[PDB]
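For reference, the structure discussed in these notes is given below.
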Ligand SMILES: Cc1cc2nc3c(=O)[nH]c(=O)nc-3n(C[C@H](O)[C@H](O)[C@H](O)COP(=O)(O)OP(=O)(O)OC[C@H]3O[C@@H](n4cnc5c(N)ncnc54)[C@H](O)[C@@H]3O)c2cc1C
Ligand SMILES: Cc1cc2nc3c(=O)[nH]c(=O)nc-3n(C[C@H](O)[C@H](O)[C@H](O)COP(=O)(O)OP(=O)(O)OC[C@H]3O[C@@H](n4cnc5c(N)ncnc54)[C@H](O)[C@@H]3O)c2cc1C
Ligand SMILES: Nc1ncnc2c1ncn2[C@@H]1O[C@H](COP(=O)(O)O)[C@@H](O)[C@H]1O
Ligand SMILES: Nc1ncnc2c1ncn2[C@@H]1O[C@H](COP(=O)(O)O)[C@@H](O)[C@H]1O
């Protein structure tokens, strides 16, 4: 009666469900354990990303942008509308429908690939045995030749502003508001905070973003974060740096927030408050005391470059291990691990994992920032092209931003591509693909880019590296 | 004394003006001769592409799509408006201001780079001598060490439908309507005809496209053209294949068109008629009898792979020579010619020039079609991914279409990338960049693509080539 599998995956987020599908495709008898259930009380796959993360946030960002554009940027095209209105419930409902479709899609993929789906909480015991606590309390132990831990992360909750799922919410609650909060506060100016604040600012919320640090998007290239702060501020996000929240007091349907900055203590009242101060790895009841799996100082499962833990045949991927907390990072780690289980020498290039921020203008990058390369003493040539000079962007009425390409001054090898503007993620992916092949700035400049397209902005920026751009003056 | 230049470029379109800027950047004393001037007396730099082609069409396509979307696809996002109306004069005026800004931009680039612009009609005489006939009829002969012929193209004019720029227009008049015609006819279902028909259909015109051939977009992959005909028909373009126009009679503010199809002669009346039956190379008074420059059977200037004519030091680029009549082809041929004048061994890869159709959904491709590869006996593996399975596309409410990757069955080398759907041009550019580096489908599949992004559809299609797609069943 004891079930035996070649691979047992704990967690069905982008890391775990992709790993499970890949394992099954490679002929490995695979099981995937997941505890999450939807509103009908049924197993729902896809993790944070699908259910309360990437997908729902992108749906609201696209809907809210259309509303803002209709209100402010239709007249220039000769288009008049009556009063523009937003049925918030319908917007949230569209998002809920997308999530339902996609979670159903993952279940379908599991069935088509032969993945054994097991609803419950999984715990790794000694000897690669996994204890599954089923939805009804029944426990069952299964045996695995290989175990993949992909338990993900959860929002950080801080004593100064505890979430109550009503007036003070985390990112999950922020995607479920029934009405536009008249005054919205956001703690944390990270990617999640800026995305969530953008959604509601577009729909009319007076938005204030309280950020404890004195830097804005420190991971982005300095020129990109400078431009981002300027534009987001103009879009109604009152971004306050050096503003550390120290306490809060919920008074019925409002919250008075206290924070400290260069001018001492300040108080501000909001109708809703979103706490977006980071995410922490989840290992809650994931490991028996004698599992042998090492956890580092910050709660992450310790792994090598191939996602192997301290225990043979046990791997860990995604948000629960070191690295950028991104969905594509999790999925590709899952692929690597399964390929390696099959004996292939798969590996990941952590230096070419792109980052995307889905504000408008979209922000994206891959490789190193200019400030980082200068700090490391690497001499570089930089080429920039603004969308204000792009005929395609002018046609689209979306000319803010630029493309920045950074190359090694001696070898001309492209070390980083940074974009703030239309189709940023797509242009950065072009850069990433070229970088995978060890492209030089000159190699990109020598290629034929379709005209007129936003892609041309990357081509011009690459040419600008060596002072050869056609559509911008060269210095 | 006679003006003397290292390079004399005849024509200031994307081939000519880019060739002029680059020559100047490389230290060559350069002149660019252009005959056309706008209503404000300014030299019409940018040629067909900027003044009456690429840019104006893209501007109207973008404005008209926003109108269609607001009327038909805002409700799903929860967005309501009053009545959505289009001020056609204002839409066309926005386009006119974009054209004015960009033409001014090229003038600024010419000045910053030291290009001597000369207003007039240039003619190549024997001995690389160029006669410029000014607008007042005066002539001046300038001496050149190198001549670049970039005279471009013009619409084909046909006896059955003479253009009067009122009831019967060509592509130039089609971008200037001041009101939506109730009934619009388009002769020719080529790229230009489909784009122009789409603009007006979106704004309420009843559009009929009369095409003499029984094929539709034969240059596109069969799966792409099939989908395109289906979706364009659903958008209100009544595309009639095998319908050859034989005559037309203007009756006041109407035109009765007579055409022949499977039921013999038919008659149909329109308020406006667009003649989009192709384009022809322009060599009108471009060459003296004894210039020595060979013209082929279709009126194109004959050139080798490096755009060199039969006369040493004389080159021809863009629409006036063989190849795809595209802006990026013209510009890159311009760059190749100039680099070679300087002694560099630059080369054009005609196999990797992408094609784009700016309808909605956008269509783009690079490399070979599946039908061509089959006809040539090349064994292939095909991978397809539909946007209906893309989380990013779902969030954007734009899921129509797919990505198709074709690889050599023996070497796995990517031979073609075809896309119909959102950001088709950008995804195709990712494919073209990879193909420049000799990518295999597996190489693309091993790269990390940001999630959620439209780019992921290319990643999945690449994986599907070898039956390894994650998000669609592999059958
Ligand atoms: C609002 C928001 C927006 C985001 N937007 C983006 C974006 O645009 N792009 C991007 O790349 N990333 C984004 N992220 C991050 C992204 O969601 C994560 O990086 C990704 O979900 C990590 O995948 P994972 O598989 O590691 O973990 P998760 O997706 O968190 O999946 C872990 C799963 O394991 C389950 N689980 C945990 N413990 C157990 C157990 N013991 N037994 C059984 N099951 C268990 C959980 O129920 C969960 O379903 C966003 C996150 C948030 C919160
Ligand atoms: C409606 C429409 C839409 C289009 N859309 C696209 C698109 O989306 N993408 C794309 O790639 N292509 C598009 N094209 C095609 C594109 O415009 C051409 O391929 C491109 O302009 C060719 O550039 P060129 O430099 O060869 O010639 P042109 O742009 O035609 O420039 C030739 C110039 O030379 C001048 N000239 C001619 N003879 C002389 C002379 N004897 N002396 C001096 N000057 C002279 C002309 O006045 C003109 O300015 C489109 C065309 C049309 C009509
Ligand atoms: N108490 C706090 N008040 C304000 N900002 C905070 C507080 N605690 C953390 N943060 C910020 O929250 C942000 C979270 O960023 P990230 O992890 O990228 O989402 C960081 O920039 C932190 O400085
Ligand atoms: N008299 C005509 N009636 C209908 N279609 C025509 C006629 N003459 C040319 N065409 C079509 O016009 C199209 C021009 O397409 P292209 O050159 O790609 O822009 C071709 O597909 C021709 O078949």
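Every residue, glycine among them, receives a Cβ derived from its backbone with ideal geometry; neighbour counts consider all protein chains shown. Every number here is computed from the coordinates shown, using simple stated rules; none is lab data.
Order these by the 10 Å Cβ neighbour count, fewest first: B:368, B:182. If you can, show how the numbers build up before the last one.
Details: B:368 19, B:182 11.
Ordered by Cβ neighbours within 10 Å, fewest first: B:182, B:368.
Please rank B:238, A:136, fewest neighbouring Cβ atoms within 10 Å first, as an exposure proxy. Walk me through the numbers on the way to the answer.
Details: B:238 16, A:136 7.
Final ranking by Cβ density, sparse to dense: A:136, B:238.
Per the Debye formula with a single identical scatterer at each Cα and no solvent contribution, what log10 I(q)/I(0) holds for the stretch B:352-475 at q = 0.17, 0.19, 0.21, 0.23 Å⁻¹?
Result of the Debye calculation: -0.77, -0.97, -1.18, -1.40.
Order these by the 10 Å Cβ neighbour count, fewest first: A:77, A:344. Don't skip to the end; give the middle numbers.
Working: A:77 24, A:344 11.
So the ranking, lowest neighbour count to highest, is A:344, A:77.
Could you give me D for the protein assembly as shown, from Stokes-Einstein at 4 °C and 1.567 mPa s, where the hydrodynamic radius is the Kirkwood radius over C-alpha pairs? Units µm² s⁻¹, please. List each step's numbers first, then the result.
Working: Rh = 30.0 Å.
Answer, rounded: 43 µm²/s.
Out of all DSSP beta bridges with both ends in the stretch A:156-277, state the antiparallel percent to the nearest 5. If you can, show how the numbers build up before the last one.
Details: 14 of 30 bridges.
Given both bridge residues lie in the stretch A:156-277, the antiparallel proportion sits at roughly 45 percent.
Given contacts defined as C-alpha pairs under 8 Å and at least six residues apart, what's the relative contact order of the stretch B:132-241, whole-number percent? Intermediate results must be reported in sequence, preceding the final value.
Numbers: 108 pairs, mean separation 21.4, N = 110.
Contact order relative to length: 19 percent.
To check you understand DSSP bridge types, tell me what percent of the beta bridges within the protein assembly as shown (both residues inside) are antiparallel, rounded to 5.
Numbers: 106 of 173 bridges.
If I count the DSSP bridges inside the protein assembly as shown, around 60 percent turn out antiparallel.
Express in % the proportion of alpha carbon pairs of chain A at distances exceeding 32 Å. Write out the running numbers ahead of the final one.
Working: 53759 of 112575 pairs.
Value for chain A (Cα pairs over 32 Å): 48 percent.
Please give the calculated 222 nm ellipticity per residue for the protein assembly as shown, where each DSSP H segment of at least 4 residues contributes -39500 (n - 2.57) and the sum is spread over every residue; nearest 500 deg cm²/dmol? Please report the intermediate quantities before stating the final value.
Details: 26 runs with 293 residues, N = 950.
It comes out at -9500 deg cm²/dmol, rounded to the nearest 500.
For the rotation taking chain A to chain B, which residue of A has the Cβ nearest the axis, and how many Å away is it?
Of all Cβ atoms in A, the one closest to the rotation axis yields A:82, 1.
Along Cα→Cβ at 7 Å, what distances in nm separate the residue A:378 label point from those on the other copies, shortest first?
List, nearest first: 3.6 nm.
For a Förster distance of 22 Å, can you work out the FRET efficiency between the beta-carbons of residue B:138 and residue B:38, rounded to the nearest 0.05?
Plugging the Cβ-Cβ distance into 1/(1 + (r/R0)^6) gives 0.55.
Which whole-number percent of Cα pairs in the stretch B:156-277 have a distance greater than 21 Å? Walk me through the intermediate numbers first.
Numbers: 2356 of 7381 pairs.
The share of Cα pairs beyond 21 Å in the stretch B:156-277 comes to 32 percent.
Return the percentage of antiparallel bridges among DSSP beta bridges fully within chain B, rounded to the nearest 5 %. Write down the numbers at each step before the final one.
Values: 51 of 84 bridges.
Restricted to chain B, the bridges split so that about 60 percent are antiparallel.
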